[PDB]
């Protein structure tokens, strides 16, 4: 697979310049807000390791993922994930904006077995108590993300 799924937004011209994977894929990231949200809301902690490995506490069990760059779409990563219940899936993401030490705004998209993509904008924070940073105000306006839903972290 050399490009993101048809229907997924490549966000051309809307992604930060100079993204540094070495600084982003380190430590823990809490998923604190999102454009679209489920009920009940939860607090997912994404743990990162070397070579684009990650672990998080998903809807029904731990999820382990392995990432790789997407050759045809600058900034995008493909993650192959497995769940403790025995399931597997693929998901795509790009970092739209981040300061690495506090927050990160991501886009995520996948087909998940369908022909219709399901996507989202995600706000990650280094602290579970993190909320919406002042530095993203204009970017959120531009992307029409004026009302991010707060999830289950505090």
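Numbering follows the first chain given and starts at 1.
Stretches 61 to 69 and 105 to 113 differ in mean C-alpha B factor, with the higher average recorded for 61 to 69.
As recorded in the PDB entry, 11 to 19 is the stretch of 133 to 141 and 11 to 19 with the greater mean C-alpha temperature factor. Taking only the listed residues 127, 34, 90, 51, the entry reports the highest CA temperature factor at 51.
Ranked by C-alpha B-factor against the other modelled residues of its chain, residue 148 falls in the middle third. When the CA B factors of the chain's modelled residues are split into thirds, the value for residue 85 lands in the highest one.
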